[PDB]
Amino acid sequence: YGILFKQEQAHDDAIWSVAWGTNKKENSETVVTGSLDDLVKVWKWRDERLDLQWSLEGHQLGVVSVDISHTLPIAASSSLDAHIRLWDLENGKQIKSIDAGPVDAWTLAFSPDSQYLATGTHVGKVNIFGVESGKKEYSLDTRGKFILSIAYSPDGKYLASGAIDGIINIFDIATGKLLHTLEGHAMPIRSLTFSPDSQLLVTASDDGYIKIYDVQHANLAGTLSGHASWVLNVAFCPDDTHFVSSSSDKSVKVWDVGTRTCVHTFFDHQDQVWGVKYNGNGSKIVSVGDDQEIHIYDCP
Amino acid sequence: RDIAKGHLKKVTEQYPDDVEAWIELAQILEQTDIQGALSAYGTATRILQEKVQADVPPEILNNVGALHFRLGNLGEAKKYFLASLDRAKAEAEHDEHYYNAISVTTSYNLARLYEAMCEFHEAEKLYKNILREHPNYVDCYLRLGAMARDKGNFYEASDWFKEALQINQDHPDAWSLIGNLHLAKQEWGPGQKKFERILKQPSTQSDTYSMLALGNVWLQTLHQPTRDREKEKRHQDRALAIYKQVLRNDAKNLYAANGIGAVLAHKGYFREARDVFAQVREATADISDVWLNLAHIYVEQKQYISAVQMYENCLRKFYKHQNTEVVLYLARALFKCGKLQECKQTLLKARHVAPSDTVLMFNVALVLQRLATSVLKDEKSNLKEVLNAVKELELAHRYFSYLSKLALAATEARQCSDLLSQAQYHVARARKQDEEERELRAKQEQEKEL
Amino acid sequence: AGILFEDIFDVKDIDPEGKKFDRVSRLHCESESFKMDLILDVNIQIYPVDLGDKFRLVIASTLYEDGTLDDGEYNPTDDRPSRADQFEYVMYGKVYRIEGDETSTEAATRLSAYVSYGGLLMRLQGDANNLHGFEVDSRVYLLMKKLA
Numbered sequence: 021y022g023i024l025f026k027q028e029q030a031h032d033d034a035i036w037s038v039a040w041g042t043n044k045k046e047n048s049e050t051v052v053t054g055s056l057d058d059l060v061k062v063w064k065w066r067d068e069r070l071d072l073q074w075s076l077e078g079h080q081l082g083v084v085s086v087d088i089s090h091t092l093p094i095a096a097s098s099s100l101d102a103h104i105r106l107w108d109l110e111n112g113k114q115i116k117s118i119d120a121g122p123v124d125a126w127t128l129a130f131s132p133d134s135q136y137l138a139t140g141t142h143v144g145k146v147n148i149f150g151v152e153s154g155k156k157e158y159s160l161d162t163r164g165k166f167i168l169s170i171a172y173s174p175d176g177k178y179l180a181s182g183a184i185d186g187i188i189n190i191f192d193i194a195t196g197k198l199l200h201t202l203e204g205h206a207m208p209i210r211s212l213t214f215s216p217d218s219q220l221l222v223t224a225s226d227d228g229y230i231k232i233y234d235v236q237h238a239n240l241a242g243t244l245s246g247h248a249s250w251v252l253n254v255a256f257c258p259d260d261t262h263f264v265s266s267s268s269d270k271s272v273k274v275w276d277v278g279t280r281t282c283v284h285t286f287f288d289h290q291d292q293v294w295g296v297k298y299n300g301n302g303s304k305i306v307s308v309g310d311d312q313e314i315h316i317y318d319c320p
Numbered sequence: 045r046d047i048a049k050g051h052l053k054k055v056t057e058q059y060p061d062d063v064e065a066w067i068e069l070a071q072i073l074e075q076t077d078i079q080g081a082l083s084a085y086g087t088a089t090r091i092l093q094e095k096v097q098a099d100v101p102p103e104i105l106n107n108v109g110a111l112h113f114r115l116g117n118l119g120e121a122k123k124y125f126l127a128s129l130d131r132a133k134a135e136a137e138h139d140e141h142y143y144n145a146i147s148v149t150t151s152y153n154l155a156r157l158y159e160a161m162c163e164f165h166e167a168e169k170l171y172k173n174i175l176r177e178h179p180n181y182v183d184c185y186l187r188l189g190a191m192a193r194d195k196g197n198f199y200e201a202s203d204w205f206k207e208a209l210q211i212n213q214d215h216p217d218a219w220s221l222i223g224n225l226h227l228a229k230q231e232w233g234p235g236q237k238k239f240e241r242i243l244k245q246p247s248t249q250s251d252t253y254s255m256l257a258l259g260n261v262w263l264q265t266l267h268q269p270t271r272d273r274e275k276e277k278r279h280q281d282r283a284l285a286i287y288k289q290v291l292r293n294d295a296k297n298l299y300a301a302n303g304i305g306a307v308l309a310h311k312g313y314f315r316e317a318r319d320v321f322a323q324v325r326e327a328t329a330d331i332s333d334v335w336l337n338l339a340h341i342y343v344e345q346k347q348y349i350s351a352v353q354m355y356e357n358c359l360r361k362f363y364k365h366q367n368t369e370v371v372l373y374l375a376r377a378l379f380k381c382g383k384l385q386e387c388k389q390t391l392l393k394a395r396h397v398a399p400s401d402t403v404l405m406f407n408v409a410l411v412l413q414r415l416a417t418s419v420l421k422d423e424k425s426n427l428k429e430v431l432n433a434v435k436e437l438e439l440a441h442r443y444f445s446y447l448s449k450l451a452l453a454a455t456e457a458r459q460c461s462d463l464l465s466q467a468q469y470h471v472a473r474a475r476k477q478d479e480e481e482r483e484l485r486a487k488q489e490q491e492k493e494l
Numbered sequence: 184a185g186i187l188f189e190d191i192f193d194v195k196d197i198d199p200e201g202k203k204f205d206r207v208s209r210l211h212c213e214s215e216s217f218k219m220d221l222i223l224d225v226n227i228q229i230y231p232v233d234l235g236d237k238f239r240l241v242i243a244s245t246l247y248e249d250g251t252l253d254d255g256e257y258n259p260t261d262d263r264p265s266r267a268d269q270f271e272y273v274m275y276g277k278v279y280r281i282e283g284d285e286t287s288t289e290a291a292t293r294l295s296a297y298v299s300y301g302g303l304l305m306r307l308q309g310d311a312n313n314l315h316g317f318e319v320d321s322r323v324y325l326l327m328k329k330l331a
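Order-wise, the sequence lines are chains A, B and C. One gets the working numbering by counting positions in the first sequence from 1 and adding 20 to each. One gets the working numbering by counting positions in the second sequence from 1 and adding 44 to each. One gets the working numbering by counting positions in the third sequence from 1 and adding 183 to each.
Right, here's the structure in full:
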């Protein structure tokens, strides 16, 4: 565990999000980043270094979230102007633009089959758009406040939604039914994700903890003492061995959940780290933050 | 204690192996001094380990552990606390420690480290062990209540404060914690009740928090539209009198001087209050209230550059933690004179908060930033930035659709149609200038061919 | 009033390459508020100073709050409210050089004012927004004050 390569001046402004695929369908070499300078940049990771593939210029405000399809070589990005843009990563061209305005659109997530695109809104609902046309197929109403984070299971079973008042909602994506409502957080939850077998939900919230819930019977599976500050992004390695976390205290930590011990802590960022993701092979960690850098950490 | 430190320096100048003098210096530092005693924490330490090789008493190990906890060497401090239980035999191994002083105070100290490192389970276990050794020491219950409050469970913190009050009814610390919990929830009635319960016997640095909270509850209504009615009752003169009575006793608590400066700033005496903001500025640092008061004084004086520099210093020394409302307080001071000629870089800074937050609140300020872009797009007549700014103007009108739901809607309802009607011919002006520049570049290419 | 610069500085170091003159020493110091650098020549005999000490500078254009900009002439007797009465160490000089981070196209981000108080040199090195009112060949007063 160490730093393999640092890409300085990857953006002229702060980087808010990063995404990396899981399968070998031309997203296990592709970085997609969204930054403050209104750009979406696609990078090619190959031959132990990071190279620029596309500079996609369609947004007029800062990109708050990027995500890559795990079934198609396409990406989607959402920005603060509530304009969602789908990018074809084989020509670097704009597929479609969903004007979900005026401000009512937020962080995106692809389903593993890449049929549905989930996002949260200011009403307190989870809108489910069709990826095939960019039209809202349905909505999920779990009333309350603003949904900050949403995440699919990587086997096509459940959808998880995290709100700003700490409300987690677990949905069946075959009928649209609300299955579970979890409240162990009075604080905003800025990142959550399901395990690569859909057994664990690891939630990163603005309280200094990393909390693990079982989403098969809706109880507290455990509490990992995370950082001393707001944990901003958690991500599983796609073989379910370790998971990485990043926080606003300028720290990245790789956690072994079987012994509940931190195996390595990276201080290479001198700014708040907003995005982390594992490699599709699981041997690399990509991380971005407010330091204008894309850090690649190696894994054995 | 000045003469005591002089006698200690004389004893250290007459013999460098004074174990009693080093123990006295370590105790006098651990009880009072933090800033200056730390190098003396070296001075007692380096000889004292030379004593610790000779014999392992729990007092010297506990003093080294407390000195390491106060210096910030939490690892060696925890190691000395563990050595006080494992290597100091006199604590509980084959002897008895008076009042449970040796272990349980150690059971406090590393447990406070358990508070520090987010080791909540170990700190809870240490507090439970301290409670099991003796049912008293309500301060461990107060630390448990503060830990429960840090989790977002202030009801559990209030319950732990009630358990501490069950340990000791006349305890100003638990009453101050309940008063702060009420004041955080806007509970000035219960806060005044807790201050009356505290103020029966107590005073002097445990009542001055209550006077400061009364002045703060007056200032909280001074910053609101009810301040006219409070202006009818003259609450500011009462707050000024309370601040004068608090400042007559204290000489190192700069919060009372900052409150008096704020109370002077809220009236017409602000030109002197900034000078009070000078005096607290002459005081010690690591206080965001002083920089915030200087920024507020600059914003009241319309000197936005110095207020922006003070806000930048406050964010540089405080932005590590929950200060996500200070960016909006920085951005609010850029439109206090109808100013829109200094909100060009503010357009990226005001929307630069994080990838996880709400943006419905400050939309008005966002409109007041985009209007500044709507100032520049009419002046610059170069194409490939005009029509993009017109699209951003339509986006600003979509934010005006939320700004309507109040005379700012009456202003921007004129400005929307006015800026669209200006853009109607300004885009044709921009395309005309594009044609003229292409004519010029074609003429230059023709000259090069010639 | 007229105040060119106003800050609290803290002696990070005293004259590093030994001392060259036996009465006056080049002290180096940083800033808390504005985070800029100062190099300054004070004489040690009438105004001693140690490492780690902390003091406040008011670089000003005149010694009067009225803002009159009187002379370069020395009158021992003047019954006027002076700015120097509040301060311990006071000098007087002319700023002779301004150096910048500028280039051909862009403006300057950082500035470096160099001023000689009768032979005693000073470099004030910060950013162009704070080093604003300094103009070359302008007379200037120093106004130090030592604070505990």
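We treat Cβ as the ideally placed atom computed from N, Cα and C, and that holds for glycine.
- At a cut-off of 8 Å between beta-carbon atoms, B:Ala339 makes no contact with chain C.
- In this structure, the beta-carbon distance from A:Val86 to A:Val38 falls below 8 Å.
- Between the alpha carbons of A:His90 and B:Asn173 lies a distance of about 51 Å.
- Taking every protein chain shown into account, the CB of B:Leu170 has 16 or more other CB atoms within 10 angstroms, so this residue is buried.
- Bounds of any beta strand (DSSP E) do not take in A:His142, whose DSSP letter is neither H nor E.
- Put simply, the CB of B:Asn357 is near chain C, with a gap under 8 Å to one of its CB atoms.
- A:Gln114 carries a strand assignment under DSSP once its states are collapsed to helix, strand and coil.
- For a Cβ distance threshold of 7 Å, residue set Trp36, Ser37, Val84, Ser85, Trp294 of chain A lies close to B:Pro399, ordered along the chain.
- Of B:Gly119, B:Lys421, B:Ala132, B:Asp319, the smallest CA-CA separation from B:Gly305 is found for B:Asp319.
- Contact of A:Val146 with chain B is not assigned, every C-beta pair being separated by 8 Å or more.
- The beta carbon of A:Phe287 does not come within 8 Å of any beta carbon belonging to chain B, so the residue lies off that interface.
- The C-beta distance from B:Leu437 to B:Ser465 rounds to 12 Å, too long to fall under 8 Å, and the pair is not in contact.
- Contact with chain B is absent for A:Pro216, since none of that chain's Cβ atoms lies less than 8 Å from the residue's Cβ.
- In this structure, DSSP gives C:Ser214 an extended state, which the three-state scheme calls strand.
- B:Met405 counts as exposed, since fewer than 16 other beta carbons sit within 10 angstroms of its beta carbon.
- Unbroken alpha helix (DSSP H) stretches of 4 residues or longer found wholly inside the stretch 113-140 of chain B: 118-130, given in chain order.
- Measuring C-alpha to C-alpha distances from A:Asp67 to each of A:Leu59, A:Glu49, A:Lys113 identifies A:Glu49 as the nearest.
- The beta-bridge partner set that DSSP reports for A:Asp71 consists of A:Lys64.
- Distance from the CA of A:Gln27 to the CA of C:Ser265, rounded to the nearest whole angstrom, comes to 57 Å.
- The beta carbon of C:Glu215 sits closer than 8 Å to some beta carbon of chain B.
- Contact note: B:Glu326 reaches chain C through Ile191, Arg239, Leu330, using a C-beta cutoff of 9 Å and chain order.
- Under the 8 Å Cβ criterion, the stretch 199-211 of chain B does not count as touching the stretch 280-298 of chain A, having fewer than three qualifying pairs.
- Taking a Cβ-Cβ cut-off of 7 Å, the neighbours of B:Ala329 in chain C comprise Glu215, given in sequence order.
- Rounded to the nearest angstrom, the gap between the Cα atoms of C:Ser214 and A:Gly154 is 55 Å.
- According to DSSP, residue pairing for A:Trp107 in a beta bridge involves A:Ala95, A:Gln114.
- Within the stretch 221-295 of chain A, no run of alpha helix (DSSP H) reaches 4 residues while sitting entirely inside it.
- Ranked by how close their Cα comes to the Cα of A:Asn253, the residues A:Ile209, A:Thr195, A:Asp185 have A:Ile209 in first place.
- Beta-bridge partners of A:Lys304 (DSSP): A:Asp318.
- B:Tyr342 is the residue among B:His396, B:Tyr342, B:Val63, B:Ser332 whose C-alpha sits nearest the C-alpha of B:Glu316.
- Looking at the DSSP output, C:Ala296 sits in a beta bridge with C:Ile281, C:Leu307.
- If the five residues before and after A:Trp40 are omitted, its C-beta is found closer than 6 Å to the C-beta atoms of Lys297, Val306, all from its own chain and listed in chain order.
- Around the CB of C:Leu246, 16 or more other CB atoms lie within 10 Å, so the residue is classed as buried.
- Around the beta carbon of B:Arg193, 16 or more other beta carbons lie within 10 angstroms, which makes this residue buried.
- Only residues of its own chain outside the window of five on either side were considered, and among them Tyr124, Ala127, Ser128, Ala132 have a CB closer than 6 Å to the CB of B:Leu105, listed in chain order.
- Boundaries for B:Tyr171: no beta strand (DSSP E) harbours it, while the alpha helix (DSSP H) harbouring it runs 164-177, taken from the DSSP string.
- Chain B has no Cβ within less than 8 Å of the Cβ of A:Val308.
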